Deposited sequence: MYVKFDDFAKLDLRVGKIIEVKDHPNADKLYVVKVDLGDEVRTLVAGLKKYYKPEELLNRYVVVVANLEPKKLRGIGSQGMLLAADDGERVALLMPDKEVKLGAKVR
């Protein structure tokens, strides 16, 4: 279903860096990662335990929907990391080069 440009612009996609990956004590397959957006530190709950080992996620440049309305998952989460998934594999999005943390995706 076609989406209008403003419907896209409403989203604030930013580039961030995962600073901490901790296990979410209150959910089996969720990780509680902290993302560094340069001016702020978004801590969000992401389900990547099944596809990523903490060692892999740390220091990774990821893409997050920064302005997603805060939620309580267990623990407080704000935003989500984007990753593609072809029903089989799950692969996080990332810039092809490094950029100022908090870089606007458009």
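- Missing from the model, relative to the deposited sequence, is only the range 74.
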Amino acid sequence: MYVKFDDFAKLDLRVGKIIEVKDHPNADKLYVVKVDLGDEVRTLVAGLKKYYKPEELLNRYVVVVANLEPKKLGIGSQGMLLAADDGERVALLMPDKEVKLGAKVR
From here on, numbers count along this sequence of modelled residues.
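- Averaged over Cα atoms, the B-factor as recorded in the entry is higher for 39-47 than for the other of 39-47 and 57-65.
- Of the two segments examined, 87-95 and 8-16, it is 87-95 that shows the higher average Cα temperature factor in the deposited entry.
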